[PDB]
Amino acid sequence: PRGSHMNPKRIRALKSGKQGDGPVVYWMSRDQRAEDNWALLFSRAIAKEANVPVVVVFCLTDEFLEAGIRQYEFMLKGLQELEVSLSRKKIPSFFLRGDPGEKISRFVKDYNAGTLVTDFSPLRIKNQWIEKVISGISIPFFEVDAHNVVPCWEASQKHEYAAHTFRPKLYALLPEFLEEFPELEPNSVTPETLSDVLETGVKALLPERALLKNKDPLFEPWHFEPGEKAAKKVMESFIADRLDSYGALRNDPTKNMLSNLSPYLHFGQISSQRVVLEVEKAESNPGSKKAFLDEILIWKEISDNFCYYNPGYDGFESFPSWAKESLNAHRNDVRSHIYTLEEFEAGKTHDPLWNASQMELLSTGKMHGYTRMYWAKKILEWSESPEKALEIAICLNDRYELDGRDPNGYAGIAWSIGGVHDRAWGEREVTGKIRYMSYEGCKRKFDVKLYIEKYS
């Protein structure tokens, strides 16, 4: 589809047809950014060879009622900044409200689009929208992987059992797909208010707000500034101040040594390929670079491999055969404790370490990467069944995490509860052969009293 700096393996055809005489339409969803976006670049390249302008369309769905204000404001404020960025490049952006299966097909017919492009997401609801759009349009429909360094359908053609089998496949394709991004050329031709959608949506989510006793909100919004510009600053400070000590202080929740990039990486406000490009060129601790590259490349893209090849990624059926047989045998085991969804949500357990972990989630929207393991595994230990544990963890993870509703979450929860991408460990009660984490094990690895005292 033309291009010199454009690898054709990044784009695949969802529907064939005669290319219309209208503008090229980029259905933006996962990658909400103007820079370092292969989908927006491939849309501009197709627009250049056809001598037509490119436009961006974003469909705001009713999915925001399932989450809260913390994710709604973080995403909508970045789209307000993105609207100004695309305007400087003469790219007009259109924001629709409703079902994408019906709104995109109507926008395509109304604007007389010539070609339709969208980004890649392995989630179930995205494939449902794509099949609805294919049946309602008659122009070519393409899909570009702008979230992974190596395209998901190109890195592996099957479900990967572990990371030690996915690691050689990914790193073998890095010299081809790891490249610099070309600049977004502005439009040569020419062709709802986001402020009202923000005030309307916030007023609908106000009753469901997380509060404390004196009716004060629990969420602290000053920890992470949303937007494409702020995501660049978070990367720069991480490379300059936090990348050196990353390899040694990554599992210490009392130290702020993480990249803090998952809120921006989830909404697509920053390209993970851009982060890899800068980390590769940075002269820092070699063990710290290898530890970070293993996270943002192997573990981030293998979660896309998990959801894309297992349509029941949020279910007990996606668990391996050894894990399902172990969890099934311990179904009748008496639990030491039993808490419901409301008691897990308010942090009213007997474990001050688990409660402090839940408080960091409710107040900042980003639980530390290490405690999220202990947070999820203790749910399986103090719940009715593995299905209820999977249901409570997914609920709290997608409702209060800023990086929630992400393929990393369903793969991370399945790792902690179902042992996905893990192996079997010592036999125990209730949990069986699933990996076990203890409060005493965290006491020997970091100052637990400091973590508890920080979040009450």
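Numbering starts at 1 and follows the sequence shown.
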Report task. Using none, 1 to 3, 4 to 9 or 10 or more, say how many deposited residues go missing between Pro191 and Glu192. Result -> 4 to 9
Report summary line: Assert higher mean C-alpha B factor (213 to 221 or 262 to 270, deposited values) equals 213 to 221
Report summary line: Avg C-alpha B-factor, entry values, 176 to 184 vs 298 to 306, higher side is 176 to 184
Query raised in the report: When the CA B-factors of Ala389, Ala67, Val420, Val56 are compared as recorded in the entry, which is the largest?
Result: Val56
Report summary line: Of the residues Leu277, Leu249, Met235, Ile139, the one whose Cα carries the largest B-factor in the deposited record is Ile139
Query raised in the report: Mind checking which third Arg167 falls in for C-alpha B-factor across the chain?
Result: highest
Query - Among modelled residues of the same chain, the CA temperature factor third for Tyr72 - result: middle
Report task. Name the third of the chain's ranked CA B-factors that contains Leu243, choosing lowest, middle or highest. Result -> middle
Requested in this report: Taking the chain's C-alpha temperature factors as the reference, tell me which third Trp382 falls into: lowest, middle or highest.
Outcome: lowest
Requested in this report: Please rank the C-alpha B-factors of the chain's modelled residues and tell me whether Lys203 sits in the lowest, middle or highest third.
Outcome: highest
